[PDB]
Amino acid sequence: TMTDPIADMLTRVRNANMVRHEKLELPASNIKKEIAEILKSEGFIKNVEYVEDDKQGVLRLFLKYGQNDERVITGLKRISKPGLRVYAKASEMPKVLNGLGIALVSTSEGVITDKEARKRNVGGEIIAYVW
Amino acid sequence: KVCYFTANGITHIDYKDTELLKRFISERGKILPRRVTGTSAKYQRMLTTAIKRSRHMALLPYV
Amino acid sequence: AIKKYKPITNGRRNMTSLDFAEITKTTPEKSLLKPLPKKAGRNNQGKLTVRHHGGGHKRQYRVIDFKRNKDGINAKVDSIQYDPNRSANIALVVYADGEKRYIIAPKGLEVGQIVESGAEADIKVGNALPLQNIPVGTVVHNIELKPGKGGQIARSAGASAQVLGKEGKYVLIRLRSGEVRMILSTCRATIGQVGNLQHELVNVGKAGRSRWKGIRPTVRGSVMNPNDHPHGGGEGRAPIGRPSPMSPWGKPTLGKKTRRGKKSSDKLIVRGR
Amino acid sequence: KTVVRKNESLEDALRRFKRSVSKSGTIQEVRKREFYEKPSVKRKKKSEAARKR
Amino acid sequence: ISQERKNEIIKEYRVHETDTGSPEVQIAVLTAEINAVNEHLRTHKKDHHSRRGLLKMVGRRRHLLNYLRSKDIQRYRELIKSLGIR
Amino acid sequence: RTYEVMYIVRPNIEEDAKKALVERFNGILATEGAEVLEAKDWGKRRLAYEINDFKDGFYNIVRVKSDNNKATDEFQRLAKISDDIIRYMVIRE
RNA sequence: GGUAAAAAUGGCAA
RNA sequence: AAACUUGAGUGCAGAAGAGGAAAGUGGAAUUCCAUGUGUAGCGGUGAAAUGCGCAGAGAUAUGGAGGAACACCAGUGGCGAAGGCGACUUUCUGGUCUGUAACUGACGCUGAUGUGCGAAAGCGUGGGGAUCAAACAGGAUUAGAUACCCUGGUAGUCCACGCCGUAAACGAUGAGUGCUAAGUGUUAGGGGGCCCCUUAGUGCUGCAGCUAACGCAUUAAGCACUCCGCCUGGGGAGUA
Ligand SMILES: [Mg+2]
Ligand SMILES: [Mg+2]
Ligand SMILES: [Mg+2]
Ligand SMILES: [Mg+2]
Ligand SMILES: [Mg+2]
Ligand SMILES: [Mg+2]
Ligand SMILES: [Mg+2]
Ligand SMILES: [Mg+2]
Ligand SMILES: [Mg+2]
Ligand SMILES: [Mg+2]
């Protein structure tokens, strides 16, 4: 059965991005909305919409394709997994693509990027790398 | 071709109905293939059990 | 049905016995018992004429109705009992009028089953009908050869014969031996197979148990002296040393047919065993 | 059973006979059961012959 | 089992009217079906295919009984004595 | 459960005997918790092939409703024994 | 439908 | 700790099926046996011969006995966890699919060790024995022929109950879940106007992507997460 909803989200994004789909819809969760909001904030995705469904909600993500159809998201990777959870200290926070990419971190200060985590000096679980 | 049973809205085949069954058997008594008859898959099965039941009761010939 | 003994002794090793689960009553009906003193293979002259019979456990004879001639009255099987005089088990049956008789217990006969004899009886195990009334392909037992004499054929444990065809006054039957023969249609037969089928499988186990059954030791002819047996004598162990193996009374005993010629039954026998 | 028609050649009747035998497929059946073919082989022949058809 | 007998079992063990999915109802019907196939298997001992269905039913009953004991021990204890399963 | 039984009686049977036969067998089909809904005589018909060296047979069809198969069992047992009934078949539906 | 039947062997290197 | 219904089950209304077990009933054919007709061969092969026949074969006609398997239907058709399952009838019994949305409310997934099932050959006990057929025996072929081919033929092939536990037991592809172009055929449904839509199977073709290549491609060998089994040069050796 479904074991990693976050990983599913990132794969759906990866798959839709490969085929250059404009939008994708996925089942919603609070964590997945937060991840989506960072991606829009960092300019990886155009827009995030939430639709109430009387179940768990639906997230609609609109993907960004640059001029010449160049993809703004090149790759996404799940770091912490149900099989093996990965945590880092603020000092040890990883840089993705030498700052060209981002790391999404779950911290006691909320789900945030690696830059904010180093700034706030708060470490946590490394959810994923997006570049 | 066309399925007789579908066309004529017949949903049950009686082994006792020899006259119907004689149309779907060859001159040698062999059961005709559904390609030649145009019978549907569901009705080829129904008809064929009926032919075997009819042959048992000597209503139709084995050969 | 077969119980296998553990090898606590060499005597009990490989010995098996019947469980006797089918037996319902352990004690016989007193009215139907008669004395049976042992003959030990000795005739009216007092001389041994059949070898290897002697001693064995004392036994009482149970009167059995092989005739099955009480017709039009239903009988209910009271019990299945052990009979020492035969391989099969026997069933005590009580007729409606209150007459009690013993019959050979067929396979699958049960206490409370109703058994009837006659022309109008149904084809069900334990019913006795004339061979005329019995359909082809029915397995039957306790078959008479002469009408009214009583059943003589297919009486042993697990015995049966099959009705093959009808030929006027005679009915064709296939016997357990494999012989197909004609029997007079008037002769009666009982429906079903004789019970106690596991009898043959019993491993006697030890010499003593044979002695309980009144079997005395068989001495081979080859370990006798010449004056005793044609296989007798020779220095050390000897092979048969003759064109044919011979009986103790000097007749060839391997393959030689002993059926007497010019017998009335010869016309009745269609196919030999 | 082909029966010779009135004013019909035996050779003409033979033509009718040959065709009836072909439709019956008795010849086809005879050749198949000349030698035993293992169950798996029989199933394969049925499938690929149908694929041809 | 017959739909009649099944319906009787649901009414006996239904937690509320209109309840058809409570562990109690599901366990009870499963208990009946297991017994019926066990009966079939006594006569037909070499019906391996049917026994496999029985094995799946036993496991489904076990998993529901596990869930019920986890959730309500009293409800569990009452069900097991009523259905005579243990 | 409703069962439709079809049996063929030999063509050489006497009419009075045949009437007695059908009465017995149709009686059997109503013996145990069973009700004969209908019984019909198709009559003498040419058999497609010879059965028991007979080229014709008297066909009888009975429809019976029961909660058990005891009556249908008793029919089949007695039909086997009978020399009058050359063929028989029981169909649930 | 076919089908003619038989029909062996030959150092490692370069 | 308290909720929720999407997963997973249950109910309700439908659907198809060589799924399984046990009885019973058929028809075709083979073999044998019995008679009638009849006559000098039949059978077999590359060619022969062994064999069978003249003590009447083979062939033809009719009758009987017995065992085994079910033509046609029949189809990358159907069903099953796999092995497998094909005449028909009845009884008992397992699973699956569609729709609906009564109910339950994460009750799920995987699965070491366990525990069962498991083609064929084989083994034990009892039964059976038509056909075919290891071994074996003739004939032939050949340099030889412990083979291929021919005539025979035992175990075995069949049934019951135990045992064995293995196959290129294969899709050489572990299970679960989600996601990712299309086109076309077919099986069992559902819905709406022959057409369109849809669910679950089963095929073919073919993007993206993947791959050493061959190829795979919504029935992944693509993109992902969970759990299990397994691999680390060849031989020795699946041996001690
Ligand atoms: Mg003696
Ligand atoms: Mg001496
Ligand atoms: Mg002497
Ligand atoms: Mg001597
Ligand atoms: Mg010596
Ligand atoms: Mg060389
Ligand atoms: Mg085997
Ligand atoms: Mg050979
Ligand atoms: Mg292996
Ligand atoms: Mg599909």
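Just so you know, these numbers use all the heavy atoms, side chains as well, and skip hydrogens, waters and symmetry mates. Numbers restart at 1 for each chain; the letters A, B, ... are given by sequence-line order, proteins then strands.
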Distances for protein N/O vs nucleotides 170-174 of chain H N/O pairs under 3.5 angstrom?
none

Give each protein N/O atom lying under 3.5 Å from an N/O atom of nucleotides 13-15 of chain H, with the pair distance.
{"unit_1": "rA13(H)", "atom_1": "OP2", "unit_2": "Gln3(E)", "atom_2": "NE2", "d": "2.9"}

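Under 3.5 Å, the side chain of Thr11(A) and the base of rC223(H) form no donor-acceptor pair of N or O atoms. The base of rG11(H) does not come close enough to the side chain of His16(E) for any donor and acceptor atom to sit less than 3.5 Å apart. Side-chain N/O atoms of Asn15(A) and base N/O atoms of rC223(H) include a donor-acceptor pair closer than 3.5 Å. Judged by atom type and distance alone, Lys55(A) does not reach the base of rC4(H) through any side-chain donor-acceptor pair under 3.5 Å. In terms of polar N and O atoms assigned as donor or acceptor, the side chain of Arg69(E) never comes within less than 3.5 Å of the base of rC107(H) in a complementary pairing. Side-chain to base pairing of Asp19(E) with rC103(H): no donor and acceptor N or O lie closer than 3.5 Å to each other.
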Exercise. Using Watson-Crick and G-U wobble pairs whose two distances are both under 3.5 Å, how do you write the pairing of RNA chain G as dot-bracket, with | for links to another strand?
Worked result: ..............
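For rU125(H), the sign convention on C1'-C2'-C3'-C4' gives a north pucker, since the angle is positive. Nucleotide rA221(H) shows a negative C1'-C2'-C3'-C4' value and thus a south, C2'-endo-like sugar.
For the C1' atoms, the distance from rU202(H) to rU218(H) is 15 Å, rounded to whole Å. Rounded to whole Å, the separation between the P atoms of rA172(H) and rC149(H) comes to 31 Å. Distance check on atom P: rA130(H) versus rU146(H) gives 31 Å, rounded to whole Å. The separation of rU205(H) from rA217(H), taken at their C1' atoms, amounts to 11 Å, rounded to a whole angstrom. On the P atoms, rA160(H) is 33 Å away from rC97(H), given to the nearest whole Å. When the P atom is used for both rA220(H) and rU180(H), the distance is 15 Å, rounded to whole Å. Here the separation of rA145(H) from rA48(H), taken at their P atoms, is 23 Å to the nearest Å. Rounded to a whole angstrom, the distance from the P atom of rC70(H) to that of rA18(H) is 16 Å.
The glycosidic torsion of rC179(H) lies more than 90° away from 0, placing the base in the anti range. For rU98(H), the base is anti relative to its sugar; the glycosidic angle deviates from 0 by more than 90°.
Each of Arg34(B), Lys1(B), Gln44(B), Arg45(B) was checked for a side-chain hydrogen bond (donor to acceptor under 3.5 Å, both in side chains) with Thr39(B), and the lone residue meeting it is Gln44(B).
No Watson-Crick or G-U wobble pair joins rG43(H) and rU202(H) with the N1-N3 or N1-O2 distance and the second distance both under 3.5 Å. Taken together, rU45(H) and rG233(H) do not constitute a Watson-Crick or G-U wobble pair, since the relevant N/O distances do not both lie under 3.5 Å. Between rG124(H) and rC216(H) there is no base pair of the Watson-Crick or G-U wobble kind with both of its two distances under 3.5 Å. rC42(H) and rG38(H) are not base-paired, meeting neither the Watson-Crick nor the G-U wobble geometry with both donor-acceptor distances under 3.5 Å.
Side-chain atoms of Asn17(A) and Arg20(A) form no donor-acceptor pair, as typed in the model, at a separation below 3.5 Å.
Residue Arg1(F) is classed as a sugar-phosphate contact, given heavy-atom separations below 4.0 Å to backbone atoms only. Within 4.0 Å (heavy atoms only), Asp73(F) reaches no atom of the nucleic acid at all. Nucleic acid contact for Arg45(B): sugar-phosphate only, since backbone atoms but no base atoms lie under 4.0 Å from a heavy atom of the residue. Within 4.0 Å of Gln162(C), counting heavy atoms only, lie sugar-phosphate atoms of the nucleic acid but no base atom.
Checking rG17(H), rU93(H), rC225(H) against every side-chain atom of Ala7(A), the shortest atom distance belongs to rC225(H). Across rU90(H), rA74(H), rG108(H), the shortest atom-to-atom separation from the side chain of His63(E) is found for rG108(H). Out of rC88(H), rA81(H), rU186(H), the shortest distance to the side chain of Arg52(E) is found at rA81(H). Closest approach to the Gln26(E) side chain among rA65(H), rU10(H), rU187(H) is made by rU10(H) (side chain taken as heavy atoms from C-beta onward). When the nucleotides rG9(H), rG27(H), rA74(H) are ranked by their closest atom to the side chain of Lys52(B), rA74(H) comes out on top. Looking at the side chain of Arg51(D), the nearest of the listed nucleotides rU104(H), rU76(H), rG20(H) is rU76(H). In the set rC225(H), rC73(H), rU89(H), the nucleotide with an atom closest to the side chain of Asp4(A) is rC225(H).
Using cut-offs of 30° and 60° for the angle between ring planes, the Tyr43(B) and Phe5(B) rings count as tilted. Between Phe25(F) and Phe75(F), the ring planes lie perpendicular to each other; the angle is over 60°, past the 30° to 60° tilted range. Ring planes of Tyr49(F) and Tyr62(B): tilted class, angle from 30 to 60°.
Summarising the local packing, CD of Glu4(E) is surrounded by 12 or fewer heavy atoms from other residues, nucleotides or ligands at distances under 6.0 Å. For CZ of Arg14(A), the number of neighbouring non-hydrogen atoms (other residues, nucleotides, ligands) closer than 6.0 Å is greater than 12. In this structure, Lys32(A) places its NZ atom where more than 12 heavy-atom neighbours from other residues, nucleotides or ligands lie under 6.0 Å away. Other residues, nucleotides and ligands contribute over 12 non-hydrogen atoms within 6.0 Å of the CZ atom of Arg62(E).
Using the Watson-Crick or G-U wobble rule with both distances under 3.5 Å, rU141(H) pairs with nothing in any strand shown. The pairing partner recorded for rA21(H) is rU91(H), the criterion being a Watson-Crick or G-U wobble arrangement whose two distances lie under 3.5 angstrom. If you check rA120(H) for Watson-Crick or wobble pairing at under 3.5 angstrom, you find it has no partner at all. Pairing for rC179(H) is with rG222(H), a Watson-Crick or G-U wobble pair whose two hydrogen-bonding atom distances lie under 3.5 Å.
Residue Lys46(E) places at least one side-chain N or O under 4.0 Å from the OP1 or OP2 atom of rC161(H). Dashed line: the shortest gap from a side-chain N or O of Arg12(A) to OP1 or OP2 of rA224(H) is not under 4.0 Å. Distances shorter than 4.0 Å separate some side-chain N or O of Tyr67(E) from OP1 or OP2 on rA106(H).
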